[PDB]
Amino acid sequence: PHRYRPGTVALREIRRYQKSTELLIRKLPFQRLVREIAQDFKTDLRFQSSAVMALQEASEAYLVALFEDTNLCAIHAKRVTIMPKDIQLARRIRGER
Amino acid sequence: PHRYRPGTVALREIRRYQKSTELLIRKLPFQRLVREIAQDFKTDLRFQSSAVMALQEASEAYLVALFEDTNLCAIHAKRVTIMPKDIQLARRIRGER
Amino acid sequence: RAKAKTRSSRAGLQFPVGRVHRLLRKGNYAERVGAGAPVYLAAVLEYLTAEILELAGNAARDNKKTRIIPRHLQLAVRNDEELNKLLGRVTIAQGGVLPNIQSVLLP
Amino acid sequence: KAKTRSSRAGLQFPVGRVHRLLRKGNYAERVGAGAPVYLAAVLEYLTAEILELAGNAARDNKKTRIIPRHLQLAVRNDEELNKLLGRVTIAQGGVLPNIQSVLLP
Amino acid sequence: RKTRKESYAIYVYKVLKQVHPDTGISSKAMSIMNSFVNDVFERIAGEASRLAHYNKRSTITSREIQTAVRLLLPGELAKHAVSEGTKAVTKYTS
Amino acid sequence: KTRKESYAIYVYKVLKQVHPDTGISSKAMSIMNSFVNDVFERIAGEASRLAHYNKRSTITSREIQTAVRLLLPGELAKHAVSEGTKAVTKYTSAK
Amino acid sequence: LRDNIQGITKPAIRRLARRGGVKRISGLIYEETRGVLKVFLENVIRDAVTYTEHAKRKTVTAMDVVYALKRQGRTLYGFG
Amino acid sequence: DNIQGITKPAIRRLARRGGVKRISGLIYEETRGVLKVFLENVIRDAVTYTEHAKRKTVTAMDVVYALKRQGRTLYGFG
Amino acid sequence: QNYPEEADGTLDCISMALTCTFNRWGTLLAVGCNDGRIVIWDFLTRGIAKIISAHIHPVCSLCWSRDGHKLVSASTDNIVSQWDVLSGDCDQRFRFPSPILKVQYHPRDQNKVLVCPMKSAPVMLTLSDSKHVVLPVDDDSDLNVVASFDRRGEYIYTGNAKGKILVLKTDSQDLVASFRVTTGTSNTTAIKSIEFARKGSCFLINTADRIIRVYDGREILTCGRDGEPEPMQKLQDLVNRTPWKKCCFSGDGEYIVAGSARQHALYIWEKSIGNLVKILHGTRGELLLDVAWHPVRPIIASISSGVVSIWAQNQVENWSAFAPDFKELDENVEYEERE
Amino acid sequence: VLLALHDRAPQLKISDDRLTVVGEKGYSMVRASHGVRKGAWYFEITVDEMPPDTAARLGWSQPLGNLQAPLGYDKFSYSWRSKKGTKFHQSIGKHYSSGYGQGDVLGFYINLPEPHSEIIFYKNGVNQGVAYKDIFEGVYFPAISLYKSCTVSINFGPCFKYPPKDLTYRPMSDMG
Amino acid sequence: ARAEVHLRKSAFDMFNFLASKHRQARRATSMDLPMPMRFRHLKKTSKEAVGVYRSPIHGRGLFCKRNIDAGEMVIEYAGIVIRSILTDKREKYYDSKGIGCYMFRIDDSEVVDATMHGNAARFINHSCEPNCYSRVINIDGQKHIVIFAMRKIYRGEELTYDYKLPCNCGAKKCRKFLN
Amino acid sequence: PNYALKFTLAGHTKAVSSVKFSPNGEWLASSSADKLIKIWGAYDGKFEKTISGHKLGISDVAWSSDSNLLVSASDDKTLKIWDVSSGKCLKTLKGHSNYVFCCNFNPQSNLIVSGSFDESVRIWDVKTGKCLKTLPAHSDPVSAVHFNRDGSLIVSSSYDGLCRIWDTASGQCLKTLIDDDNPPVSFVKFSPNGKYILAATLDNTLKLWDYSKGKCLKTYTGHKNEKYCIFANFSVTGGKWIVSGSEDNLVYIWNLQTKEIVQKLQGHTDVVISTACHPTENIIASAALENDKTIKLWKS
DNA sequence: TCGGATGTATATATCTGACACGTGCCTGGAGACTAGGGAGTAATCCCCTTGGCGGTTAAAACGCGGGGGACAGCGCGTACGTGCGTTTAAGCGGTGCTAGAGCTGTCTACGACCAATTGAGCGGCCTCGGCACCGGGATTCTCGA
DNA sequence: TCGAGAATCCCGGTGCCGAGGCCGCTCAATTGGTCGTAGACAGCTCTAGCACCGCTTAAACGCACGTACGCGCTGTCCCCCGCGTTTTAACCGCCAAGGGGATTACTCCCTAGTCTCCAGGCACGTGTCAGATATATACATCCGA
């Protein structure tokens with residue numbers, strides 16, 4: 001009967017995911033999302049597979065960069081947990097809004 | 001014998017400077033600074049006047065934008081006074097460092 | 001041999017067309033500049049210039065003035081949403097800022 | 001008599017295809033003669049720089065075959081290449097092993 | 001005895017006297033509007049050139065200018081500018 | 001059944017110069033192809049805007065040199081300028 | 001269709017944050033992240049369909065996605 | 001040396017324009033550092049254009065072209 | 001008011017709508033569906049009036065009559081039947097040679113209809129029996145000939161498969177006018193469909209090389225047989241190069257509308273001046289099928305895969321009907337009322 | 001006789017000849033500060049420019065009345081309408097008399113022995129009607145309320161143009 | 001059913017507007033900009049920002065349909081700018097007709113009518129606990145009656161001000177006399 | 001000018017509701033508030049049948065274009081739909097939260113206007129029986145409704161005295177007729193050009209309205225118009241008479257060019273509230289309230 | 001300060017299909033010779049850029065005082081980790097159909113170039129009227145009581 | 001809750017220099033005609049994209065339990081603001097001198113262009129071995145003791 005003090009599994013998940021390279025979003029829901037929001041700009045399109053792969057790569061890299069800058073803001077605010085106002089501050093400083 | 005409670009003169013200075021348009025740095029020290037750091041890239045240059053004016057405009061606009069984004073960061077941190085770690089956080093989120 | 005009516009008022013425009021076609025030839029953008037592309041482009045430039053000068057002149061009247069100084073252009077660009085999304089990284093000379101005091105500073 | 005210009009300069013990237021791409025792209029009216037040689041030299045130096053910095057991590061991860069994780073590490077672990085490639089997403093790239101100050105107990 | 005300079009002072013002057021019959025314009029605002037016109041011209045021509053290079057073509061028609069305007073301008077301003085251009089081309093046609 | 005143009009063989013040769021005992025996969029080759037095309041088009045665009053700024057109509061090695069000193073950071077710029085100047089001299093000496 | 005903005009699950013944002021280096025996450029980041037991802041995918045897909053309909057085809061090749069990302073300022077190496 | 005020309009009230013007036021209520025006493029040193037970095041990164045490309053033109057005088061169009069490459073695009077000159 | 005501007009709803013009730021046409025009055029709209037269903041709506045209160053599931057076969061052409069009672073069928077087994085708005089029953093039935101494209105009644109008598117096949121000359125019949133009058137066309141080579149009546153019922157304008165127009169009489173075949181248009185520089189091309197106005201004698205030429213020309217029904221009679229007239233107004237497009245599918249007119253010969261075939265679009269020119277004045281849009285990836293103008297009010301009905309959209313001016317509510325003595329001003333209106 | 005400096009309607013077009021009132025749009029009534037107390041004060045009103053579409057309500061009013069009171073509001077102010085001669089007194093509209101010509105010399109008068117009244121419409125000595133009767137005693141400054149900006153002068157001399165014949169009056173060289 | 005000759009068949013009201021429902025710095029008007037810049041956008045906001053519905057105080061009240069922030073303009077109270085003795089004739093006239101007095105004054109020389117000509121700004125009741133006030137501005141001399149706000153006001157609240165008879169406000173320190 | 005009684009059609013067990021001719025001009029059936037609708041003739045009083053099957057009272061009854069299909073404004077919040085040639089109670093219109101006083105048809109004869117005592121003028125159907133739209137017009141119960149000549153405008157007559165005119169396409173107010181007094185409007189109708197409306201308000205003063213401008217033109221004097229929904233008609237068969245109900249055992253019939261007291265019919269024993277003319281014949285219908293229960297057809 | 005238990009790194013066995021390499025070949029790069037035009041280089045001129053001198057005052061610098069914010073601590077209660085059974089659609093293969101991208105033959109309709117004539121656009125020189133500057137008094141916001 | 005005082009806002013008056021317009025005078029736009037080819041049109045092909053089907057199962061899910069953190073309050077202490085007094089160099093008016101920018105004339109040699117001849121880089125077809133996948137096992141970290 002043993003349970004870890006909370007935080008250690010988080011730290012080893014951070015090391016284990018920063019080690020390797022893979023894809024972190026399942027490809028069938030992402031493909032249905034791409035077809036879903038492409039439906040409203042032109043009806044009856046027909047995607048290749050590598051285009052879906054390229055969109056997945058670009059979106060994942062953008063999200064990871066946003067989370068790093070958000071965590072810098074939150075550590076500046078003398079806290080630990082990310083709040084969504086930190087995300088809004090980062091997106092307003094960078095110039096995207 | 002009267003002295004204001006501290007803050008009111010700051011607020012009316014904020015309104016008075018956001019009203020008008022002028023140049024906020026004296027032009028002789030700025031001109032000597034431009035000649036001083038242009039000395040090390042090529043000896044015996046010879047500036048026009050409008051180029052000095054253009055450099056003054058660009059530097060002043062850049063500094064004002066940096067101070068606005070820094071004050072957004074500091075108000076996010078539940079404080080009032082700007083610290084230099086806020087400047088470093090803003091310059092690291094924007095991508096310049 | 002007869003009179004020659006220009007290409008500026010044959011379409012009912014104001015920006016010139018021959019000067020735009022010369023600037024598309026003397027630039028090496030591509031080989032062969034098409035037929036009516038400078039007319040289309042001069043119409044677009046007319047529309048944008050009219051759109052910004054409307055707000056400029058309106059603010060110039062509303063500050064009890066008759067000429068225009070660049071503070072009015074600063075206000076007219078930075079008030080609207082669409083032009084602020086277009087002209088992102090531009091420092092207008094002699095521009096100035098927009099009044100924005102935060103919520104928690106003033107008593 | 002078939003002296004290719006790559007041999008006549010002692011290089012690796014070809015010069016005729018670079019002159020073909022500078023004539024086809026419509027960059028200006030006339031193209032000189034030393035310019036594609038100069039440009040092939042610059043591209044050779046940049047590619048040699050990136051492969052030299054990739055080889056270290058290629059040997060350090062006990063591998064004999066370069067992978068995109070090696071390219072990601074070799075680009076991001078420098079200073080000046082990290083300014084030249086200012087924002088470029090590399091597929092199958094991965095990130096830096098970074099954990100902040102106050103997170104550890 | 002001076003070399004001629006290309007400008008846009010008279011054209012800005014004409015459109016201003018069409019849309020506001022009284023208000024004059026100084027020197028500095030004229031210089032700003034000159035730079036603005038040159039800037040938007042550079043962006044649109046560059047994007048159209050990159051399109052016509054992508055599609056294995058050699059000709060900047062009006063269709064590439066339309067696609068460049070639709071890619072560059074945000075939303076409602078594009079929806080007005082496309083109709084203004086198409087009206088101008090149709091009046092020039094016949 | 002059409003011809004596509006790439007840069008695989010030349011990156012392969014430079015790899016065999018600098019590391020004589022290794023090979024490379026396909027994905028890294030495609031990444032290096034995209035990198036070479038990116039740096040090429042950035043340098044060519046900067047040189048063209050310089051040549052139009054100076055009211056002339058010719059792209060020479062002088063403008064390519066000014067484009068490189070404006071574009072790259074310091075040490076990499078100095079080494080690349082030395083490489084290019086050595087290549088120009090060793091080309092025009094045995095013309 | 002209505003779903004698949006919610007089909008992006010909720011260990012997945014946790015796993016993206018623990019690739020990014022995040023320790024403890026509140027309970028609003030899920031909907032905030034869904035909103036941000038939807039905005040970004042709109043501003044890519046619109047230019048992708050623009051290049052497609054200008055080229056006169058009826059599919060969306062990878063090169064159009066690379067061109068839209070290149071104009072936004074986020075270059076992608078690995079598909080051109 | 002003569003970096004002291006950017007005095008204490010001038011940074012204060014720039015921060016009053018920026019919309020700032022209260023300022024500590026390290027921002028002056030940080031601000032002179034950031035200003036010196038930015039002016040170096042502009043004047044380098046201005047001097048590069050001037051040396052390529054085979055002249056001995058920095059004009060206005062060279063500064064405008066350097067600011068265009070940085071991505072800031074000053075209007076009102078040239 | 002004038003030409004429409006805003007979207008204003010739809011009627012997405014009946015599945016797979018295909019074609020549409022109006023009466024003289026502007027209150028009757030039948031729709032030949034994808035399976036023989038003929039559905040009429042209301043316009044003032046907008047309720048479905050009468051479904052006529054006539055054939056097991058799809059319908060490709062219809063037409064209303066002058067009394068507001070009679071219709072005409074065109075299925076994929078060449079069946080032409082007389083219908084009624086009171087009963088809705090089948091009268092006539094026989095088989096043509098296999099293609100039937102479009103029919104048209106005589107305007108000042110509901111005896112005669114003008115029927116057009118694909119690879120044959122157009123044929124006029126009666127409704128009393130199966131009598132048919134053979135109409136001669138000048139070429140008789142490809143036999144891809146279109147024909148229509150004019151407005152008042154004087155002549156029959158025909159259009160061949162080669163680019164020459166004949167003007168015949170409705171019974172005696174009096175060739176009284178003809179003209180060949182200088183189509184570009186070498187090839188003279190065919191005509192898709194010619195339609196006619198309600199006020200005057202203006203009409204349009206819809207070729208197969210995407211150019212609309214404007215003419216009158218008096219100038220050709222003035223030019224006589226084998227004359228060379230000029231277009232009163234040329235209408236074309238250059239940017240998207242714009243293929244066409246359907247052409248019709250405005251209310252009292254004021255404007256000209258023409259739906260497209262590629263981008264799901266509607267364009268509104270002016271017959272008076274001669275310039276485009278408004279572009280409409282809709283769903284980006286549909287396929288435009290049939291466009292009908294409303295004769296006494298600015299309404300346009302467009303079929304694109306079942307959906308019938310009605311651009312209807314977007315009326316704006318206000319005050320002054322509640323209290324007709326209070327005038328809602330805009331700014332300060334000072335005065336004295338009685339001297 | 002000069003006019004007032006402060007006791008006047010301010011936004012009217014004050015003419016520089018100091019003997020001519022020029023109006024505005026609306027009924028803003030000037031009361032010139034030299035009027036009767038007792039006995040007799042007669043003056044004439046020479047008319048220079050009287051364009052049509054004017055309601056030149058002329059008569060008597062007190063300094064109790066409003067400056068923005070049209071002449072013809074209450075029991076103190078009197079009324080003489082151009083169209084159909086109508087009186088409007090204590091808000092009572094009764095079509096009284098006829099109109100009036102253009103270009104004459106007008107002028108009203110009250111006769112009160114220190115009361116027996118002559119409140120009667122006076123125009124070149126021609127009667128247009130017996131107006132009213134038996135006022136109270138107070139101050140009656142002359143009141144001018146116009147509809148246009150009509151140029152109308154004023155007279156004070158003893159040698160009148162068309163006076164009331166055999167008039168008991170006092171010259172304006174005593175208190176004005 | 002056809003046996004009720006029943007009363008309440010008189011309205012005495014020209015305004016039968018009342019229906020069954022009775023549902024109760026990003027912009028320019030909340031900036032620190034000069035006044036006519038806000039005065040332009042005043043009319044583009046006020047046509048759709050607020051609404052008029054039935055209130056428990058006196059008939060119809062003013063429930064706004066937008067979350068108004070503190071400090072900004074809302075709407076203008078405009079109409080016939082009457083001059084000061086026609087007021088008394090209209091008092092006698094609307095005493096004869098039986099409709100109340102709608103007269104706010106810009107100054108003590110010229111008043112502004114609302115009953116004959118105006119806008120939807122008439123539906124503002126008096127209260128002794130307001131959340132708005134009034135200032136007159138100078139749009140090129142042609143002055144106006146424009147109403148600001150005081151505090152942060154949400155969706156579904158009545159807007160009132162002091163007009164300076166027992167009142168139907170029920171204030172904590174009510175005056176109960178509107179003179 | 002010489003209208004003479006032919007037949008007296010009595011027999012209503014309660015107060016006679018309304019006399020309405022056939023729209024094609026051959027019937028005069030008369031109903032009553034006794035939940036019973038009889039089918040009487042117009043030229044000899046030819047009887048057919050009596051409608052039975054209601055639950056509460058009857059205010060208005062209507063017709064068809066062929067004078068067979070029927071409907072009545074029942075006072076149990078319903079409008080039961082009936083027939084002459086079959087007699088089956090066809091449908092029953094729900095959707096009311098108060099009593100129903102009047103209903104009519106467009107001339108295309110497939111819509112039902114419903115100005116009921118729930119004060120929101122709904123728009124009902126005949127083919128589907130479906131509430132299309134709603135006109136929340138008045139805070140007072142509806143006295144009468146009417147379409148115009150083609151079927152494009154609806155007038156609103158109510159207690160407050162506001163004769164508004166309403167759109168049919170999207171249903172909006174166009175104009176509000178106003179008055180210094182507040183009389184209850186009883187029963188108005190349009191003109192054969194749609195540009196005139198005779199006002200019948202409870203003030204003992206009739207009015208005729210210029211529609212396109214908004215003024216009153218020609219009135220009457222010396223009449224009793226006070227209590228109930230007093231009806232008005234037209235007459236072009238004889239002179240230009242104005243057939244109207246009357247409370248003093250008369251029938252108010254006078255001409256509008258003359259505006260005089262020239263002919264006064266008499267014979268009723270209660271307040272006459274419903275009159276109507278045959279569209280071609282010289283037949284004027286007349287039926288008073290509960291203490292009369294008779295029908296007097298004065299024929300010229 | 002010391003101990004039991006899982007997770008991970010280290011050491012070997014087995015398969016397997018990307019990677020490396022060998023071949024035919026066609027098309028794109030090099031060699032020779034010419035045209036003329038963009039550029040290289042001398043040659044002159046004139047004004048804008050540097051340099052200084054003297055006077056005035058607006059701004060800068062330096063002390064003195066205090067109250068308003070930054071931060072340390074402490075109590076608490078709660079929202080988010082860590083672990084355990086299930087159920088479900090994600091994923092892998094196998095089979096099947098076709099709309100649509102891609103090549104290929106012809107032609108004709110549309111854009112580059114040459115010479116002259118015009119005429120709109122730019123350079124230069126008067127001239128006033130809208131704003132620059134400044135004394136004066138009503139209005140409005142502050143803060144101690 | 002009140003009064004004395006201090007900045008802003010508005011009005012009247014002067015006056016002056018830079019927008020505004022006139023005048024003359026040139027370079028390139030325009031039309032009218034030629035000549036060549038880029039792209040539209042049609043027809044055939046064959047292969048990636050979309051759909052049906054079924055089996056197994058990792059994991060997504062929902063629900064228990066604590067505990068470490070977020071937050072809110074309290075104190076205190078320290079340091080940035082507001083004002084007054086003394087000082088010094090920014091700003092302006094002012095003149096003198098000449099170095100490089102700007103323009104013209106005149107050869108002239110550097111790249112475009114056309115063809116003829118060849119070799120090298122690309123698609124395609126086969127073996128093989130670095131790594132992916134298992135088994136087994138020291139030991140090391142963590143929370144309990």
# chains A, B, ... in the order shown; residues from 1 in each chain; ligands from 1
>>> residues_around(residues="stretch 28-33 of chain A", least_positions_apart="6", cutoff="9 Å", atoms="only C-alpha atoms (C1' of nucleotides)", output="ChimeraX atom specification")
/A:52,56 /G:3-5,7-8 /M:90
>>> interface_residues(of="chain H", to="chain F", cutoff="8 Å", atoms="only C-alpha atoms", output="PyMOL selection string")
chain H and resi 45+48-49+52-53
>>> residues_around(residues="stretch 28-37 of chain H", least_positions_apart="2", cutoff="9 Å", atoms="only C-alpha atoms (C1' of nucleotides)", output="ChimeraX atom specification")
/B:37,59,63,84,87 /H:3-4,6-8,11-12,24-26,39-42
>>> write_last_selection(atoms="N, CA, C and O atoms", output="CSV table (one decimal), in the first residue's frame")
chain,number,residue,atom,x,y,z
B,37,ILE,N,28.5,56.0,-31.0
B,37,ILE,CA,28.4,54.5,-31.3
B,37,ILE,C,28.5,54.3,-32.8
B,37,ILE,O,28.6,53.1,-33.2
B,59,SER,N,13.4,55.2,-32.0
B,59,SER,CA,13.8,54.8,-30.6
B,59,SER,C,12.7,55.1,-29.6
B,59,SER,O,12.4,54.3,-28.7
B,63,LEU,N,10.5,52.4,-27.3
B,63,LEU,CA,10.5,52.5,-25.8
B,63,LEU,C,9.1,52.6,-25.2
B,63,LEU,O,8.8,52.0,-24.2
B,84,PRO,N,12.5,45.3,-13.0
B,84,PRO,CA,13.2,44.9,-14.3
B,84,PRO,C,13.0,43.5,-14.7
B,84,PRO,O,13.2,43.2,-15.9
B,87,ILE,N,10.4,43.6,-17.4
B,87,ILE,CA,11.0,43.9,-18.7
B,87,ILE,C,11.6,42.7,-19.3
B,87,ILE,O,11.5,42.5,-20.5
H,3,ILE,N,27.0,57.9,-22.5
H,3,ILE,CA,25.7,57.3,-22.3
H,3,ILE,C,24.9,58.0,-21.2
H,3,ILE,O,23.7,57.8,-21.1
H,4,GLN,N,25.5,58.8,-20.4
H,4,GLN,CA,24.8,59.6,-19.4
H,4,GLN,C,24.0,60.8,-19.9
H,4,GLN,O,23.4,61.5,-19.2
H,6,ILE,N,21.3,60.4,-21.7
H,6,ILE,CA,20.0,59.9,-21.5
H,6,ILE,C,19.7,60.0,-20.0
H,6,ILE,O,20.0,59.0,-19.3
H,7,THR,N,19.3,61.2,-19.5
H,7,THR,CA,19.3,61.4,-18.1
H,7,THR,C,18.1,60.8,-17.4
H,7,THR,O,17.3,60.1,-18.0
H,8,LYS,N,18.0,61.0,-16.1
H,8,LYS,CA,16.9,60.5,-15.3
H,8,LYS,C,15.5,61.1,-15.5
H,8,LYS,O,14.6,60.3,-15.5
H,11,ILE,N,13.8,59.3,-19.1
H,11,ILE,CA,13.1,58.0,-19.0
H,11,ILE,C,11.9,58.2,-18.2
H,11,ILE,O,10.9,57.5,-18.4
H,12,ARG,N,11.9,59.1,-17.2
H,12,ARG,CA,10.7,59.3,-16.4
H,12,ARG,C,9.5,59.9,-17.3
H,12,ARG,O,8.4,59.5,-17.2
H,24,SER,N,10.5,52.2,-9.7
H,24,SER,CA,11.6,52.0,-8.8
H,24,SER,C,12.9,52.6,-9.3
H,24,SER,O,12.9,53.4,-10.2
H,25,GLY,N,14.1,52.2,-8.8
H,25,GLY,CA,15.3,52.8,-9.1
H,25,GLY,C,16.4,51.9,-9.8
H,25,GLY,O,17.6,52.1,-9.6
H,26,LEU,N,15.9,50.9,-10.5
H,26,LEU,CA,16.8,50.1,-11.4
H,26,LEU,C,16.5,50.2,-12.8
H,26,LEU,O,17.3,49.7,-13.7
H,39,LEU,N,20.0,50.6,-30.7
H,39,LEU,CA,20.7,51.5,-31.6
H,39,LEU,C,21.8,50.9,-32.2
H,39,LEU,O,22.1,51.2,-33.4
H,40,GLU,N,22.5,50.0,-31.6
H,40,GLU,CA,23.6,49.2,-32.3
H,40,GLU,C,23.0,48.4,-33.4
H,40,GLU,O,23.5,48.4,-34.5
H,41,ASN,N,21.9,47.7,-33.1
H,41,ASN,CA,21.3,46.8,-34.2
H,41,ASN,C,20.7,47.6,-35.3
H,41,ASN,O,20.4,47.0,-36.3
H,42,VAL,N,20.5,48.9,-35.2
H,42,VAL,CA,20.0,49.6,-36.4
H,42,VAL,C,21.2,50.3,-37.1
H,42,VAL,O,21.3,50.2,-38.4
>>> interface_residues(of="chain D", to="chain G", cutoff="9 Å", atoms="only C-alpha atoms", output="JSON, numbers by chain")
{"D": [87, 88, 89, 90, 91, 94, 95, 97, 98, 99, 100, 103]}
>>> write_last_selection(atoms="N, CA and C atoms", output="PDB file, in the first residue's frame")
ATOM      1  N   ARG D  87      12.055  31.410 -36.131  1.00  0.00           N
ATOM      2  CA  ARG D  87      10.909  30.567 -35.816  1.00  0.00           C
ATOM      3  C   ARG D  87      10.670  29.611 -36.978  1.00  0.00           C
ATOM      4  N   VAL D  88      11.046  28.349 -36.772  1.00  0.00           N
ATOM      5  CA  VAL D  88      10.877  27.276 -37.745  1.00  0.00           C
ATOM      6  C   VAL D  88      10.482  26.021 -36.982  1.00  0.00           C
ATOM      7  N   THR D  89       9.328  25.458 -37.313  1.00  0.00           N
ATOM      8  CA  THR D  89       8.869  24.218 -36.706  1.00  0.00           C
ATOM      9  C   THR D  89       9.403  23.042 -37.507  1.00  0.00           C
ATOM     10  N   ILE D  90      10.128  22.150 -36.846  1.00  0.00           N
ATOM     11  CA  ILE D  90      10.661  20.956 -37.479  1.00  0.00           C
ATOM     12  C   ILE D  90       9.779  19.781 -37.097  1.00  0.00           C
ATOM     13  N   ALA D  91       9.330  19.027 -38.098  1.00  0.00           N
ATOM     14  CA  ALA D  91       8.493  17.864 -37.849  1.00  0.00           C
ATOM     15  C   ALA D  91       9.287  16.788 -37.130  1.00  0.00           C
ATOM     16  N   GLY D  94      10.698  17.655 -31.291  1.00  0.00           N
ATOM     17  CA  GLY D  94      10.924  17.574 -29.866  1.00  0.00           C
ATOM     18  C   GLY D  94      11.507  18.865 -29.324  1.00  0.00           C
ATOM     19  N   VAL D  95      11.592  18.929 -27.996  1.00  0.00           N
ATOM     20  CA  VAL D  95      11.994  20.157 -27.319  1.00  0.00           C
ATOM     21  C   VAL D  95      13.232  19.913 -26.474  1.00  0.00           C
ATOM     22  N   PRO D  97      15.284  19.655 -22.830  1.00  0.00           N
ATOM     23  CA  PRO D  97      14.961  19.156 -21.487  1.00  0.00           C
ATOM     24  C   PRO D  97      15.055  20.256 -20.445  1.00  0.00           C
ATOM     25  N   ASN D  98      13.982  21.025 -20.267  1.00  0.00           N
ATOM     26  CA  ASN D  98      14.007  22.213 -19.426  1.00  0.00           C
ATOM     27  C   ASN D  98      12.988  22.084 -18.306  1.00  0.00           C
ATOM     28  N   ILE D  99      13.464  22.225 -17.071  1.00  0.00           N
ATOM     29  CA  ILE D  99      12.636  22.283 -15.872  1.00  0.00           C
ATOM     30  C   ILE D  99      13.106  23.495 -15.076  1.00  0.00           C
ATOM     31  N   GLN D 100      12.159  24.302 -14.596  1.00  0.00           N
ATOM     32  CA  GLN D 100      12.469  25.624 -14.067  1.00  0.00           C
ATOM     33  C   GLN D 100      13.110  25.531 -12.681  1.00  0.00           C
ATOM     34  N   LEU D 103      10.361  24.640  -9.257  1.00  0.00           N
ATOM     35  CA  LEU D 103       9.461  23.498  -9.384  1.00  0.00           C
ATOM     36  C   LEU D 103       9.911  22.325  -8.524  1.00  0.00           C
TER      37      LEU D 103
END
>>> interface_residues(of="chain N", to="chain C", cutoff="8 Å", atoms="only C-alpha atoms (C1' of nucleotides)", output="list in words")
residues 29, 30 and 31 of chain N
>>> interface_residues(of="chain H", to="chain E", cutoff="7 Å", atoms="only C-alpha atoms", output="short mmCIF file (atom, residue, chain, number, x, y, z; two decimals) with N, CA, C and O atoms, in the first residue's frame")
data_model
loop_
_atom_site.label_atom_id
_atom_site.label_comp_id
_atom_site.auth_asym_id
_atom_site.auth_seq_id
_atom_site.Cartn_x
_atom_site.Cartn_y
_atom_site.Cartn_z
N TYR H 75 7.09 55.76 -41.35
CA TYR H 75 6.58 56.66 -42.37
C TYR H 75 7.07 58.08 -42.12
O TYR H 75 7.68 58.38 -41.10
N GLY H 76 6.79 58.96 -43.07
CA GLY H 76 7.11 60.36 -42.89
C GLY H 76 8.47 60.79 -43.38
O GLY H 76 8.85 61.94 -43.13
N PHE H 77 9.21 59.93 -44.06
CA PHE H 77 10.48 60.29 -44.65
C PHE H 77 10.63 59.57 -45.98
O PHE H 77 10.20 58.43 -46.12
#
>>> atom_distance(atom1="atom CA of residue J:156", atom2="atom CA of residue J:33")
14.6 Å
>>> atom_distance(atom1="atom CA of residue I:122", atom2="atom CA of residue I:203")
20.0 Å
>>> closest_atom_pairs(of="chain M", to="chain B", cutoff="10 Å", atoms="only C-alpha atoms (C1' of nucleotides)", output="tab-separated table")
residue	atom	partner	partner_atom	distance
M:48	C1'	B:48	CA	9.5
M:49	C1'	B:48	CA	7.9
M:50	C1'	B:46	CA	9.4
M:67	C1'	B:6	CA	9.2
M:68	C1'	B:6	CA	8.8
M:69	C1'	B:80	CA	8.9
M:70	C1'	B:79	CA	8.9
M:142	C1'	B:4	CA	8.4
M:143	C1'	B:4	CA	8.5
M:144	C1'	B:2	CA	9.9
